[PDB]
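Working notes, structure below.
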Amino acid sequence: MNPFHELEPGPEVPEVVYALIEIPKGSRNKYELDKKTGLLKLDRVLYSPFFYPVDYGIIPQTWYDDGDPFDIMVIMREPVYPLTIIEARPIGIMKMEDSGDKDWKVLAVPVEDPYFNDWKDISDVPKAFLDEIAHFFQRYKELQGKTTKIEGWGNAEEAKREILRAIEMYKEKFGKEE
Amino acid sequence: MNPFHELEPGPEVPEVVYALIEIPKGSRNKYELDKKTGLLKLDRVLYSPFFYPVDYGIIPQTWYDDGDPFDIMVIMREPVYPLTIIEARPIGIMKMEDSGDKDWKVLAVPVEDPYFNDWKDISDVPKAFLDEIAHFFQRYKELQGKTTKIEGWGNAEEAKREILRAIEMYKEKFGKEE
Amino acid sequence: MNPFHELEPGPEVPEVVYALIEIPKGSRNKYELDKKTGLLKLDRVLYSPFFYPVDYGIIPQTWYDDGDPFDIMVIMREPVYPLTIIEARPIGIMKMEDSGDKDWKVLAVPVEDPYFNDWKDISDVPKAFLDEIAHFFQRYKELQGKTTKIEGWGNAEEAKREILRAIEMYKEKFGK
Amino acid sequence: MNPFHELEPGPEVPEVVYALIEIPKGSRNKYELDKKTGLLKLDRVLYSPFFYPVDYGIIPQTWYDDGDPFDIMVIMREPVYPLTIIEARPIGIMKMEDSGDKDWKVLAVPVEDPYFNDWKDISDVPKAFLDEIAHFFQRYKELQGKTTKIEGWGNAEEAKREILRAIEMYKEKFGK
Amino acid sequence: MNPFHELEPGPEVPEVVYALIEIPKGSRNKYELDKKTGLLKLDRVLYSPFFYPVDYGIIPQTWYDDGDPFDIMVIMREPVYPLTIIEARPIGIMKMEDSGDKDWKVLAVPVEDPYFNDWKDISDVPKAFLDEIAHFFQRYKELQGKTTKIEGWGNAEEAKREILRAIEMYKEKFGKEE
Amino acid sequence: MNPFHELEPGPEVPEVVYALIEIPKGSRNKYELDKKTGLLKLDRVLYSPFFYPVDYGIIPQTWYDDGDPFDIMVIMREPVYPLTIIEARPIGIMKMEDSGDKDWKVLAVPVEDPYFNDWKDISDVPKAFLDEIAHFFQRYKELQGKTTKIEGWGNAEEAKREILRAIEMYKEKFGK
Ligand SMILES: [Mg+2]
Ligand SMILES: [Mg+2]
Ligand SMILES: [Mg+2]
Ligand SMILES: [Mg+2]
Ligand SMILES: [Mg+2]
Ligand SMILES: [Mg+2]
Ligand SMILES: [Mg+2]
Ligand SMILES: [Mg+2]
Ligand SMILES: [Mg+2]
Ligand SMILES: [Mg+2]
Ligand SMILES: [Mg+2]
Ligand SMILES: [Mg+2]
Ligand SMILES: [Mg+2]
Ligand SMILES: [Mg+2]
Ligand SMILES: [Mg+2]
Ligand SMILES: [Mg+2]
Ligand SMILES: [Mg+2]
Ligand SMILES: [Mg+2]
Ligand SMILES: [Mg+2]
Ligand SMILES: [Mg+2]
Ligand SMILES: [Mg+2]
């Protein structure tokens, strides 16, 4: 019944994916999906007084180079609740290494918030906002002794290539028969 | 595992029903239950800076003329979280057409909040509050080009007739064997 | 000390003005600065479940055709508290009438939030956001039996010429 | 400017009074207006996980048997910010003693929230809500070793006669 | 699919247990897990303007003398959402009778909030905080006519004995085969 | 009335000081008291998704090496509103430089929250909490290109000697 395994990656992949939100914007508690049960679990409380700048979660039925479900960040005006499904349009991708692992993260906007109707690529996002997101990931685990390195941002096309790669990695990981 | 299908319509229908809340009072995000999975899903962000004036959701194992689960609005002092069950006493019904469809909505109070112990019928509700609810539905989809028409309010008896009709429509819709 | 009279209209008028916020984004309570004392006052509770879509207030030492200080709307990500001063860059103006009075409202962004650094004119705002603000003013007083008429949006140059006109109306009214 | 002394008790005393809110509904921090400066001050943090069930404050230019401004409770759907003025219609009065002093508290509704238009007397309030307010005052200082004694609720006519008495106590105390 | 039955009591019982949170700190709504479905349900609205001083919930696969899942209180700086799993370190136990029933409650801290790293026993908690918790339970059902009696606090060792007893009572209650 | 100048530094300096809060815990908006008028002003929005980990403000009638009122951080469970006065017991001091200026900050607890009754010195604070505060100041202005240097934490005795020094700097600056 774990929604990570049960939900499809999206209704029109990779143009529109499902984002399963784990962490609402504004939260200092780092939630994740419990792997066994699919419940929400507290992974940690962030060691610094930082908050997630985006709603944050995973794309169902994906896996990635870092040995986790593929991360997705959805820009929401009003945060959602954990375990909410958002139909999301990928617009770019944050390129980072986290303790040496290729922990990249899709950046997306909600299809059904008209505020974002003309946001289709990484160039549509205010620079200071991209900088704030990157800085969060650069520093949020500094007090835990972790080395993170932000490479930069890729465009919507690159995000979509990576989503398709992650859908394939899930099939290989869990032995899914086409 | 979709709670819309699994939960009973109520413990003492139609005098007391279960309200499965999708949208907490105060939310501009319009959540609904995903039909396939039963997870919470973002349907849309409202196009106007309005908020749901009531906790809003559905009665399990109901269906209605508009091709959806039967809508219920519960008056709560402190909003609940999405996917919370409230034992609710129907006190009236909002009569409206939404794009030509008979989209009526039960108005109810929580059985277990003593604040509302003497609220048993539509006449117990402040007029301005009924007007605020009606006005929300009159205008919340105006920027989406939708025609809605508020007819008025029915009493507790009429709400209860409609609940029993909706319980029957669900059985017919999903081929339930008595 | 009544901040409407004590504060200047801005540090670099009309390119940068001071916005004295009365109503934080997200409020359904309609607060105003009390004319007499300068304290925050509850004017009303909105009759509908609407909330202010922007941080809303006044430009100090202004007056306007509707017999009030000139209104200003500041787009803020995190709302401020009532009676907070924000250095604000006008980027456009909502043209409307309220109960038959000309009641236009400046739209502005905070100078000191870098998110908005490239917002300089009305074309920089998402359409749907302008539509949501206009719709709020179109309908928020409907249950009070009041009529508003929304004309549309003017640009930053219009907004600035209106700010100057409102500064001179304050001198006309209170000056001397 | 100390608003307790500067503001009038009301626009139409005792039918409509001004409530100067100190504590928004939902607070566990007990704020007061500082006697000296008129700024908001933290008096204490309540010793128990209780929150004020009403917007709580004072009527300006009043005094009372307990050596404080006369207390007022305003029922608000959305809480206000501290130091907000609310035009309030008294509808009853909580009769209690606090540490042996007569410390009654007016119960009022906002004139400008139409939700409360038909709330005019103590019989218009749900019983359970009156019970919750009384229980708050019965127990909120228990861990401080303080004794409160709740007598019961008086009606709107009592409340108004007490407001007039408190207005005259302010003149007795500060008058001249 | 009821997580009370599906989740294990903890990853390292009784030193570390899972706390399944029902009620976030700050809530006046008293939520519980629906027994049949595992959904969140509104049990009541508290009759007084009190709020839960701790995140409050249950340890999975436990049962207690009072005929309920064993209660656990987790001290969180930022409240979690209902149905969140917290890995929790027991540090003491609140001893109370509620309408004559032995309704004791584990007090615990999150393993993964470093703020609490040196909280290991009841003596690490500020006295006023223990007093506030006890006073809440002493008075929160006073308007419902219920007699509650707070005995005091036991230490971490006693809390852990009681957790193991509750794990056994669950096996006996639901006929679990070792 | 500008509370920075009007309020005294404390009721029992330096054992108990008045903290005039500018920024509630949890804010990303950086508010300050306006030097001119004493109103709350938005100085900036922090460039990163950081929030103030403490209620943050100033001690009235103090001045400091960095050309500002002396900063104070009050640990509060429930944040206060801006411009609230809190009676605060200093328990330590964050030693840092900001853009090359000595910009130390008192750490204090509220006298009137019994939760903190046994917090009297810097050793009473959880390590991780001191680390989180220091890290906030280490990184919160990084995207503004500003350099801060965190030296470490001093104890209650240091903090109190600094408060006295800051009280005398105010007299040096404004005195007369
Ligand atoms: Mg994750
Ligand atoms: Mg990682
Ligand atoms: Mg990853
Ligand atoms: Mg629905
Ligand atoms: Mg419809
Ligand atoms: Mg319907
Ligand atoms: Mg007008
Ligand atoms: Mg107007
Ligand atoms: Mg006209
Ligand atoms: Mg106007
Ligand atoms: Mg007294
Ligand atoms: Mg008293
Ligand atoms: Mg006496
Ligand atoms: Mg009194
Ligand atoms: Mg329970
Ligand atoms: Mg019990
Ligand atoms: Mg129990
Ligand atoms: Mg400096
Ligand atoms: Mg500095
Ligand atoms: Mg230097
Ligand atoms: Mg400084």
Side-chain angles (χ1 to χ4, degrees), chain A residues 4 9 14 17 19-23 27-36 41-74 90-108 122 129-175, chain E residues 11 87 111-114 117, chain F residues 48-50 128 131-132 134-136 138-139 142-143:
Chain A
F4 167 62
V17 301
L20 183 57
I21 302 310
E22 295 165 309
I23 312 175
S27 175
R28 178 185 177 165
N29 287 342
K30 187 175 175 301
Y31 306 106
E32 317 180 340
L33 285 208
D34 180 47
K35 277 92 258 169
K36 239 159 19 246
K41 180 187 173 203
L42 181 73
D43 177 63
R44 73 198 76 179
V45 176
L46 298 180
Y47 280 43
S48 303
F50 308 165
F51 65 97
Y52 275 79
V54 291
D55 298 275
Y56 184 92
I58 60 181
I59 303 172
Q61 296 191 57
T62 64
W63 202 249
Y64 207 64
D65 300 55
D66 61 358
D68 295 327
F70 198 21
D71 304 68
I72 184 157
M73 302 182 294
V74 184
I91 67 168
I93 182 157
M94 197 185 73
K95 300 179 177 176
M96 68 166 310
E97 288 187 356
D98 185 3
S99 290
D101 293 332
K102 174 183 187 169
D103 198 1
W104 292 14
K105 312 188 192 300
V106 175
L107 183 65
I122 195 66
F129 191 62
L130 295 181
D131 293 345
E132 102 173 43
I133 294 169
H135 190 226
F136 175 81
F137 290 104
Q138 187 186 183
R139 300 303 188 193
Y140 77 139
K141 296 189 285 195
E142 186 170 17
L143 294 182
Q144 299 194 256
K146 304 306 182 178
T147 300
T148 62
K149 187 159 132 200
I150 313 295
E151 170 180 351
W153 296 90
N155 70 19
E157 290 72 35
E158 184 168 19
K160 291 169 190 173
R161 295 194 295 272
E162 289 299 295
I163 290 166
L164 292 179
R165 286 193 57 245
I167 289 173
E168 296 307 299
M169 277 184 281
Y170 175 93
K171 294 169 184 173
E172 166 62 23
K173 172 69 178 180
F174 296 103
Chain E
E87 296 145 329
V111 170
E112 302 294 350
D113 183 349
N117 281 347
Chain F
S48 306
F50 267 121
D131 292 342
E132 95 174 49
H135 191 226
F136 174 82
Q138 190 187 179
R139 298 306 186 197
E142 186 169 18
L143 292 184

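Below, chain A is the first sequence line, B the second, and so on; all start at residue 1. Excluded from the calculations below are hydrogen atoms, water molecules and symmetry mates; all remaining heavy atoms, backbone and side chain alike, are included.
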Looking at A/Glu97 and A/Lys102, is any side-chain nitrogen of the basic one under 4.0 Å from a carboxylate oxygen of the acidic one?
no
To the nearest 0.5 Å, tell me how far A/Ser48 OG sits from F/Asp131 CG.
9.0 Å
I'd like to know if A/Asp71 pairs up with A/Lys105 as an ion pair, taking the criterion as any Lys NZ or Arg NE/NH1/NH2 lying under 4.0 Å from an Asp or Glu carboxylate oxygen.
yes
Looking only at atom types and distance, does a side-chain atom of A/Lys35 sit under 3.5 Å from a main-chain N or O of A/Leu33, one as donor and one as acceptor?
yes
For residues A/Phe136 and A/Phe51, determine if any side-chain heavy atom of one lies less than 4.5 Å from a side-chain heavy atom of the other.
no
Does A/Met96 reach the side chain of A/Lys149, with side-chain heavy atoms less than 4.5 Å apart?
no
Measuring centre to centre across the rings, with the benzene-like ring taken for any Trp, is A/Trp63 within less than 6.0 Å of A/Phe174?
yes
Hey, what's the ring geometry for A/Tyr140 with A/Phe137, parallel, tilted or perpendicular (30° and 60° as the breaks)?
perpendicular
Below 4.0 angstrom, N of the basic side chain to O of the carboxylate: do A/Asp98 and A/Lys141 qualify?
yes
Are A/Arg165 and A/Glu168 ion-paired here, with the side-chain N under 4.0 Å from a carboxylate O?
no
Look at the side chain of A/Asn155 and the backbone N and O of A/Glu157, then say whether any donor-acceptor pair between them is shorter than 3.5 Å.
yes
Cut-off 3.5 Å, side chains only: do A/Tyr64 and A/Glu162 have a donor facing an acceptor?
yes
Which pair of heavy atoms, one from F/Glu132 and one from A/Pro49, lies closest together, and at what distance?
O-CD, 3.4 Å
Give the ring-plane orientation class for A/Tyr170 versus A/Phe4, where under 30° counts as parallel, over 60° as perpendicular and anything between as tilted.
perpendicular
If you define the side chain from C-beta out and look only at heavy atoms, does anything of A/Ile133 sit under 4.5 Å from A/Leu107?
yes
Please report the closest heavy-atom contact between A/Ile167 and A/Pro9, naming both atoms and the distance.
CD1-CB, 3.7 Å
Got a donor-acceptor contact below 3.5 angstrom from the A/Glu32 side chain to the A/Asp43 backbone?
no
Just checking, any donor-acceptor pair under 3.5 angstrom between side chains of A/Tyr31 and A/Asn29?
yes
Tell me whether A/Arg44 contacts the main-chain N or O of A/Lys30 through its side chain, where contact means a donor paired with an acceptor under 3.5 Å.
no
Side chains of A/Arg139 and F/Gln138: donor-acceptor distance under 3.5 Å anywhere?
no
